[PDB]
Amino acid sequence: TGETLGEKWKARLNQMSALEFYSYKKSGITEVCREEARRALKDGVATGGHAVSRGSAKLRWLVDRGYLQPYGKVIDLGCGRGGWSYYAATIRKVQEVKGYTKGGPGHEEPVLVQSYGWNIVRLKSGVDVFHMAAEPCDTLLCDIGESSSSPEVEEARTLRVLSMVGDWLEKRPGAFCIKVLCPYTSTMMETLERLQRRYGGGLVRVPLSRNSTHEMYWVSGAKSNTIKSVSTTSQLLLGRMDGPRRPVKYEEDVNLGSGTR
Ligand SMILES: C[S@+](CC[C@H](N)C(=O)[O-])C[C@H]1O[C@@H](n2cnc3c(N)ncnc32)[C@H](O)[C@@H]1O
Ligand SMILES: [Cl-]
Ligand SMILES: [Cl-]
């Protein structure tokens, strides 16, 4: 034994041919079509309302359902191109958005557009948040955690992120949304129970996530049980391996409009 449902999922995923993998990875998931956004942004459209990444749709999914309620000064850790920061800036109660990402050679760089509220956004590349000192904020967002074929690596990278965000959470933001790349190992589930006892919130699987990642979002507006919410997600991803391939559900891409606040 000792294999976790998610660890069993990850092995199977590892044992899957390329062929099994790419019909699996989107089997039955929710998705936005980026074709129009990607073309407009390539051409230089800044006021067409496009999201700079699929990230805006994911945060929209959570905010549309109250899984979190951004407000005040938003900090966006690992902001990449900025999908979460620009989405944050359209929300009425939000007043300031500060995004930080590493950028450079292998890493997404911030994209400058003029979606609604763009003028309260500042994205800063060249920042390794692991060496950034924590600062107060009202809404704490973190979308760091890069996929790996090894679950030991994914655990390691998730633990590293979670230790870092502890210092930010100790400043007591009222709202938060933290990517947990690997929630599925025994160490992670225990760690996550402990964090939830101290800081509240709970885990949510965003259905725009692909079947090839077990990521879940630790959000201030959930009250869910760690073991049940993570195990439920492992069985979901296991069960989409055994059935025949399901179609993708598209939602509309986000229209972030345009204009200053
Ligand atoms: C792919 S994402 C950004 C997704 C974003 N939420 C959106 O909607 O566009 C996570 C980002 O974290 C950056 N990152 C990874 N490690 C980092 C670190 N130690 N410090 C700062 N940024 C990091 C990656 O380059 C990556 O672009
Ligand atoms: Cl990472
Ligand atoms: Cl990452």
Side-chain angles (χ1 to χ4, degrees), residues 25 31-34 36-63 70 73-91 94-135 137 139-148 153-154 157-158 160-162 164-165 168 176-181 206 208-210 212-213 215 217 253-261:
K25 84 170 299 180
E31 182 140 86
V32 283
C33 188
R34 297 284 300 156
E36 196 60 41
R38 258 138 188 59
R39 208 173 82 266
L41 297 173
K42 148 248 179 186
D43 286 330
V45 180
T47 62
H50 309 281
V52 303
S53 65
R54 328 192 153 264
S56 298
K58 284 209 238 178
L59 194 60
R60 177 187 67 170
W61 192 87
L62 292 160
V63 173
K73 175 197 190 192
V74 180
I75 292 294
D76 186 11
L77 300 188
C79 67
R81 304 196 219 283
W84 283 11
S85 291
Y86 285 113
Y87 183 83
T90 66
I91 298 167
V94 165
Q95 296 294 288
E96 171 194 1
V97 178
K98 249 59 174 194
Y100 302 98
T101 207
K102 194 163 39 145
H107 290 57
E108 292 81 352
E109 298 280 348
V111 175
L112 298 202
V113 296
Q114 290 181 350
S115 49
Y116 180 56
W118 66 274
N119 54 308
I120 73 170
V121 177
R122 177 120 303 155
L123 307 173
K124 180 174 187 185
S125 189
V127 175
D128 168 8
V129 303
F130 288 126
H131 299 309
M132 181 171 184
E135 329 173 9
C137 66
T139 305
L140 175 69
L141 307 179
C142 185
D143 198 24
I144 297 168
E146 59 157 311
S147 284
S148 167
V153 172
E154 297 205 333
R157 290 175 176 173
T158 305
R160 180 71 163 107
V161 162
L162 289 180
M164 183 270 302
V165 309
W168 293 77
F176 62 75
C177 174
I178 301 158
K179 187 191 165 178
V180 180
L181 164 72
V206 174
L208 290 102
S209 284
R210 315 229 197 284
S212 53
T213 174
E215 64 180 23
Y217 287 87
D253 187 64
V254 76
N255 188 339
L256 295 186
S258 54
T260 59
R261 292 180 64 189

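Heads up: numbering here begins at 1 and tracks the sequence.
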- Under 3.5 Å donor-acceptor, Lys179 side chain and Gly145 backbone: yes

- Look up atom CG in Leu141 and atom CG in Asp76, then write down how far apart they are to the nearest 0.5 Å. 5.0 Å

- Message: Looking at every heavy atom in both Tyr100 and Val127, which two are closest together, and how far apart are they?
- Response: CB-CG1, 3.9 Å

- Quick one: closest heavy-atom pair of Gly82 and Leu123, and the distance? CA-CD1, 4.0 Å

- Which pairs pass side chain to side chain donor-acceptor pair (under 3.5 Å) with one or both residues in residues 114-124, sequence neighbours excluded? none

- Item | Sequence-distant partners of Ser209, side chain to side chain donor-acceptor pair (under 3.5 Å), two or more places apart | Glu215

- Set of side chain to side chain contact (heavy atoms under 4.5 Å, CB included) partners for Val63, sequence neighbours left out: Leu59, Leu68, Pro70, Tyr87, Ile91

- Should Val52 and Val113 count as side-chain neighbours, where that means a heavy-atom distance under 4.5 Å? yes

- Note on the structure: Residues passing the ring pair (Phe, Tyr, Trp, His ring centres under 6.0 Å) test with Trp61, sequence neighbours excluded, are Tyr67

- With sequence neighbours left out, what residues match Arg81 under salt bridge (charged side-chain N to carboxylate O under 4.0 Å, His left out)? none

- Is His50 close to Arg38 at the side-chain level, that is, under 4.5 Å between some pair of heavy atoms? no

- Message: Looking at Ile144, is its backbone amide N or carbonyl O close enough to the side chain of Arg157 to form a donor-acceptor pair, meaning the two atoms are under 3.5 Å apart?
- Response: no

- Item | Non-neighbouring partners of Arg210 that pass side chain to side chain donor-acceptor pair (under 3.5 Å), sequence neighbours left out | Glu31

- Query: Taking C-beta and beyond as the side chain, do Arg54 and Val32 meet within less than 4.5 Å on heavy atoms?
  - Reply: yes

- Would you please name every residue forming a side chain to side chain contact (heavy atoms under 4.5 Å, CB included) with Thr101, sequence neighbours left out? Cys79, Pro110, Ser125

- Query: Does the side-chain contact (heavy atoms from CB on, under 4.5 Å) test come out yes or no for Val94 and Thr139, once each step is laid out?
  - Reply: CA-CA 9 Å; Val94 165; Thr139 305; 5.5 Å; no

- Considering all heavy atoms, the nearest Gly78-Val129 contact: N-CG1, 4.5 Å

- Is any NZ, NE, NH1 or NH2 atom of the basic residue among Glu36 and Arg39 found under 4.0 Å from an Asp or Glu carboxylate oxygen of the other? yes

- Heavy-atom pair of closest approach, residues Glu154 and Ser147: OE2-CA, 3.5 Å

- Query: How many angstroms lie between atom OG1 of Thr158 and atom CZ of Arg160, to the nearest 0.5 angstrom?
  - Reply: 13.0 Å

- Under a 4.5 Å cut-off applied to non-hydrogen side-chain atoms, are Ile178 and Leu77 in contact? no

- Task: Using atom types as modelled and distance alone, determine if a side-chain donor or acceptor of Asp128 lies under 3.5 Å from a backbone N or O of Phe130.
- Result: yes

- Message: What's the separation between atom CZ in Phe176 and atom CD1 in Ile75, rounded to the nearest 0.5 Å?
- Response: 15.5 Å

- Query: Can you list every pair that meets salt bridge (charged side-chain N to carboxylate O under 4.0 Å, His left out) and has a residue in residues 94-113, with sequence neighbours left out?
  - Reply: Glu96-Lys98

- Task: Side-chain contact test, heavy atoms from C-beta onward, threshold under 4.5 Å: evaluate it for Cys177 versus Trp84 and give yes or no.
- Result: yes

- Listed by chain and number, what are the side chain to side chain contact (heavy atoms under 4.5 Å, CB included) partners of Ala51, not counting sequence neighbours? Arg34, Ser56, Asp253, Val254

